[PDB]
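Sequential numbering of the sequence shown, starting at 2, is according to the entry's author numbering.
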Amino acid sequence: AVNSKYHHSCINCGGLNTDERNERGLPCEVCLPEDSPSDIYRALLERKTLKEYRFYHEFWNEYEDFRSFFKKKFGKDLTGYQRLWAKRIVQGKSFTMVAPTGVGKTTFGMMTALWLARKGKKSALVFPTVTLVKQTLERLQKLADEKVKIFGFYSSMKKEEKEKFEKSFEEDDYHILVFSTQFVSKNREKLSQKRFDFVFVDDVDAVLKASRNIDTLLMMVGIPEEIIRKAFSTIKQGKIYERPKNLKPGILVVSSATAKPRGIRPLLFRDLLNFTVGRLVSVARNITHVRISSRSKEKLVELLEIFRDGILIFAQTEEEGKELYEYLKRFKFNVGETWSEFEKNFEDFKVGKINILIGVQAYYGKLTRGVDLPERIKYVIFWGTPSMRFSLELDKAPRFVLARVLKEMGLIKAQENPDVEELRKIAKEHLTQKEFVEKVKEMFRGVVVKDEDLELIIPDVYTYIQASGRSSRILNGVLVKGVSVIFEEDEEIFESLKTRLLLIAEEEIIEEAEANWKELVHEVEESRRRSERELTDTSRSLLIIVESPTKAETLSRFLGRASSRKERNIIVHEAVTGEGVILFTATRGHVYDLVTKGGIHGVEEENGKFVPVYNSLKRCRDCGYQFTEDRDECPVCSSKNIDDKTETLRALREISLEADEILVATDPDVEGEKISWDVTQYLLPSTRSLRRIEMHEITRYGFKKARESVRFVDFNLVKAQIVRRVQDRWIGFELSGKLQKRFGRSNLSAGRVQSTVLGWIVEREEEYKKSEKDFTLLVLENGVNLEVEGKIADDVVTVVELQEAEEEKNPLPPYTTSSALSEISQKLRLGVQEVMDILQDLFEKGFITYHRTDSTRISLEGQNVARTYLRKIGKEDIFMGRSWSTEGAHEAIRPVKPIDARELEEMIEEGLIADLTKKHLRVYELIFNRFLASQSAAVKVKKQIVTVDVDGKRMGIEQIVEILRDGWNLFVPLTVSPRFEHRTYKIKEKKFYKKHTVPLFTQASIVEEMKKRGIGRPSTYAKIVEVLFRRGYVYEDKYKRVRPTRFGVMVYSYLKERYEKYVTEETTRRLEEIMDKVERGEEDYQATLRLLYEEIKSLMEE
Ligand SMILES: [Zn+2]
Ligand SMILES: [Zn+2]
């Protein structure tokens, strides 16, 4: 711990407790004065302070009984899925049963109903078919005692049982009632007037067939139609609805939606039960994609002879399907078809009578609308790449083509245009077919433009993913292996497909050379027989906490957002993986912050040591004002509509009970570690299993490698966060006050660094007007222009000595935060803050590596990205992998995927990925080009060093002339220059002037400078500049230079006159150095706090 206080962190009294106690999962000293108590519950009860801890005790005890009961009545222990479901059941929570192929939902439903009836609770079990009612009641009756009132209802019911069920359901206080969905639909009013504690729905689709059934099931727990209709109007509007806090419903449990959850009705579950009826979108895949260069049926024969069994062939059309079918039939292979004898061959393949199934892209995907046996399909063969083909003529042209063409050409003025109308609009404007196809070849990058036969081929990645997916799912807790083979000869098509597969599924396609068929077939078969074995369960549930919503969204993109529980302030998503379930949620920033209330501006002092005091953050959803103090309304606009991180914290504490293991996935910096600690410390009394993961990339790889890096919270980083925060708080407050008494305004000084930088700008104004040195520009005859010192008047330049040398020029290292901000904000006409934000969205959308780095280091994987991209662009001989740095916390800002900006624009306009502005694309382009240059070969150049005499001055001039051999100059331009000959060049034009030696600052120049001086860190750079702008201390002019205002000058003048020590660059740098030493556990936390205090105490007197 760091010995600090958190305001609502007590597990029992719900109040203030120290970091150190929560760490030991203890209540506050008020609740329990003792150091190391014997047993918490017992001791709380003894001191008569037992309050909220009871909930947890009773929770644990009410669950461990369930588990115990289940382990007694049934075979063995609970599966991970059933474990999480059980923990949700004792909380009375309603949910979908998110899980793979037959994890035993019916077993859980039964044992739940049984365990509840054991207490006196009444439950109902709903099934689609009338046969399932029979089978379930059968299994129930033999395990249930006489104490349990069991009834049933279905089609083939008896003559006295049908009425027995009705009278008993009317008065006789039943326990468990097993019936069909038909009964629900038919006897709506009867059930609606009854109250159930537990309702188990086996098939959600059958019950969602009617709209009436939603209201029926909702009224089966005790919810009036008033709340239902009000919520209905709210969901008809387009916003969320709030359940009355005074409501205690039963437990509704359903399975995953097979078909799409169509309609408005399911939203009632989102407000009344806080669970969404999700569809099973399982992205869990273990497929090996191999590509064969030729559509040779001989290769196909050889492959088929290796695979032998359970092969699925996909043809583009049925014609090539029939052709392939004939060729294989002739070569004596047990084969089937989908076009002729669909059902017969389908089931014959299902059983094993057929080894090879040949289908079409559109035929199979629609015939298999029912079953689709996964335990049979090991290998998927693609006879050609699945793709969408369009014609490139002035006629036969699709909408999106003429759209992207005319929008760029200039015609598209936005008024929605009919296709044939657009054809007739382009029929006059740059109209030839030749001109057209050329505009298409020029615009469309990341598709295949067959300009030969006038065609456009767009590989259907989705279809490939689904179809390939048919060879790998989760069976008996085992994610079985599958091989997907593609037979493609067109390199352009294969490359396009590969890029969009890497983009969406992050899955690679390998070549036939780098693939051992014997080994692969073996892995497949072995995993299959491993799943055939008797399962002993390894599945666990896992909670992953991140700070920003974007991270959660892109995480859901590769984990698959099946269902989303709305828990107070947050939205926790759930996903199915091969290792078990996986819950992930976003905090939506910081939770705690230093209190302004007491001690030394929030920092208290006891026993010679400093104690930081934190309180939950509150943000008014109206005006946007943030505060720490506990108030009912907004201190500014007096509004009650606020966001309280204490609710978020409570929500986390709730979720933490269901999860077996927890991982905090905040950013890999001091900020992130501090948040991670504010969270882990708070949760620590609730869950014993809490660890830390640092994701440098927001992708499956970043995540896997992040979990390789699993560790506990590093207190040195937390300590460093604290120190920096305390410095800004103390110095900021003191200086700001001193300014309140001089310039009227309250909040003015954000810290020391800010004032230092502003000082740089202010005095720069002075030293700029003084650098005014007289100069002269010279346009030389059939040569370059030369910039030389003022007084020249000879009109002739003589060449004195001339020497040339061959040299290989190295590219610039990859972007770091400083580099990226400077170059990008210079090349673009943007502020460093705008750039920093674009970078943040870029990292958070998993497109680049961590954007807050002071290292240029590049891993073998980064180098590999560069390599594959170069191999893709054909210029792979120019690849030169460079680590760039050994000393590195993180890597430099680089792309995560070998995809350029143009291809991304294509994927965006196409609709594969979304949410990227033009600015994002341009920034990405800059990062990309920098990185590749840094990974491309050294450009071999012949440069000359010309010594020239101009007006009795021997002045050398070094210039590159010939580029002997290309390299990184393809990404980042390399400028040549006309050769000088050892003669006399005459001056054409002399443009005399006086431009300044020391130029003004630009935002880029300021960042560069503070990086050059050792002031600020990667996180603070842009924020510092922006603060300077927000406070009105600085402005930008015509040519976008940074200039101080009247106010800024007044302020820095005051601060320099009086408080020069606390604004001096030497002091700022010395402190920056020391704090950074604290971050590495090289300098003492409490000691530097003592230092900052000792200078603050000195400042309170001046
Ligand atoms: Zn307490
Ligand atoms: Zn407000």
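The beta-carbon is built from N, C-alpha and C at its ideal position, and this holds for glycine as well.
Inter-residue CB distance, residue i and residue j (contact presumed, cutoff 8 angstroms)
i         : j       : result
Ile-849   : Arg-895 : 6 angstroms
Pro-1019  : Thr-757 : Going by Cβ atoms, the distance from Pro-1019 to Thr-757 rounds to 17 angstroms, so no, they are not a contact pair.
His-852   : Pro-669 : That pair is no contact at about 11 angstroms.
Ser-826   : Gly-832 : 6 angstroms
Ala-563   : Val-577 : 6 angstroms
residue 1 : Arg-923 : The structure shown does not extend to residue 1, since the chain is modelled only from 2 to 1103, so the question has no answer here.
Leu-126   : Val-179 : 5 angstroms
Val-1008  : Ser-856 : Not really, about 17 angstroms apart at Cβ, beyond 8 angstroms.
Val-612   : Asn-4   : 6 angstroms
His-997   : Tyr-769 : 6 angstroms
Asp-538   : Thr-50  : About 40 angstroms separates the two Cβ atoms, so there is no contact after all.
6 angstroms Cβ shell around residue i - same chain, five flanking residues per side excluded
i       : result
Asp-661 : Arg-541 and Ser-542
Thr-555 : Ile-699, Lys-846 and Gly-847
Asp-729 : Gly-752
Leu-736 : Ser-750
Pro-899 : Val-866, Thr-869 and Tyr-870
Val-486 : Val-291 and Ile-382
Strand pairing of residue i, partner residues [DSSP]
i         : result
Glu-509   : Answer is none; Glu-509 lacks a bridge partner.
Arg-743   : Per DSSP, none; premise fails for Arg-743.
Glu-605   : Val-612
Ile-988   : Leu-781
residue 1 : Residue 1 is absent from the model: the chain starts at 2 and stops at 1103.
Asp-594   : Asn-616
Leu-218   : None; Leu-218 has no bridge partner.
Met-98    : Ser-256
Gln-864   : DSSP lists no partner for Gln-864.
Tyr-7     : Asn-18 and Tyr-615
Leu-544   : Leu-584 and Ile-663
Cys-621   : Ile-643
Cβ shell of residue i (< 8 angstroms), same chain only, five flanking positions each side left out
i       : result
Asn-930 : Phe-972 and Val-973
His-58  : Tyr-42
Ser-169 : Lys-150, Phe-152 and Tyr-175
Chain-order list of residues whose beta-carbon lies under 7 angstroms from that of residue i (same chain, five-residue window excluded)
i        : result
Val-525  : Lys-379, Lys-482, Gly-483 and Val-484
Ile-643  : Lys-619, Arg-620, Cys-621, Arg-622 and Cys-635
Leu-965  : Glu-807, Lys-941, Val-942 and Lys-943
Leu-685  : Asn-23, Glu-24, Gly-26 and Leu-691
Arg-266  : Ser-212 and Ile-215
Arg-1042 : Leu-1001, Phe-1002 and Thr-1003
(message) Would the region 1012–1030 count as touching the region 739–758 if we require 3 or more Cβ pairs under 8 angstroms?
(response) yes
(request) Note down, one range per segment and in chain order, each alpha helix (DSSP H) of at least 4 residues found wholly within the region 787–847. (result) 818–828 and 833–845
(message) I want to know whether the region 697–705 touches the region 651–662 - three or more CB-CB distances under 8 angstroms.
(response) no
(message) With three or more C-beta pairs closer than 8 angstroms as the rule, is the region 511–524 touching the region 282–296?
(response) yes
(message) Quick check for students: name the residue ranges of the beta strand (DSSP E) that lie wholly in the region 882–967, counting only runs of 3 or more.
(response) 940–950 and 955–966
(request) Please list, in chain order, all residues with a C-beta atom less than 6 angstroms from at least one heavy atom of ligand 3. (result) For the structure depicted, ligand 3 is absent and the ligand set comprises only ligand 1 and ligand 2.
(message) Give the list of continuous beta strand (DSSP E) stretches no shorter than 3 residues that lie fully inside the region 644–671.
(response) 662–665
(message) Counting beta carbon pairs with one atom in the region 799–815 and one in the region 977–985, are three or more of them shorter than 8 angstroms?
(response) yes
(request) Please specify which runs of the alpha helix (DSSP H), each continuous and at least 4 residues long, are wholly inside the region 29–68, giving them in chain order. (result) 41–47
(request) Specify whether the region 322–338 and the region 349–365 touch according to this definition: at least 3 beta carbon pairs, one from each stretch, less than 8 angstroms apart. (result) yes
(message) Assess contact between the region 434–453 and the region 479–486, defined as three or more Cβ pairs (one per stretch) separated by less than 8 angstroms. Is contact present?
(response) no
(message) Counting beta carbon pairs with one atom in the region 708–724 and one in the region 665–678, are three or more of them shorter than 8 angstroms?
(response) yes
(message) Whether or not the region 250–266 and the region 95–102 are in contact is what I'm after, with contact meaning three or more pairs of Cβ atoms, one per stretch, closer than 8 angstroms; do they touch?
(response) yes
(message) Count Cβ pairs between the region 732–741 and the region 952–964 that sit closer than 8 angstroms; are there 3 or more?
(response) no
(request) Could you say if the region 211–227 and the region 135–143 meet the contact criterion of at least three C-beta pairs nearer than 8 angstroms? (result) no
(message) Closer than 8 angstroms is the cut-off here; do at least three beta carbon pairs connect the region 270–286 with the region 307–318?
(response) no
(message) Three Cβ pairs or more, each shorter than 8 angstroms: is that satisfied between the region 771–786 and the region 891–905?
(response) no
(message) To test your reading of the DSSP string, which unbroken alpha helix (DSSP H) runs of 4 or more residues are found completely within the region 1008–1094?
(response) 1022–1031, 1047–1059 and 1066–1080
(request) Could you pull out every unbroken alpha helix (DSSP H) segment of at least 4 residues lying fully inside the region 363–395, listed in chain order? (result) 365–368
(message) Does the region 392–399 come into contact with the region 325–332, if we say contact requires no fewer than three beta-carbon pairs (one atom in each stretch) closer than 8 angstroms?
(response) no
(request) Could you tell me which uninterrupted alpha helix (DSSP H) segments, each at least 4 residues in length, are contained entirely in the region 318–361, listed from first to last along the chain? (result) 320–331 and 343–352
(request) Would you mind listing the beta strand (DSSP E) stretches within the region 413–496 that are 3+ residues and don't spill past its ends, in chain order? (result) 449–451, 456–460 and 483–488
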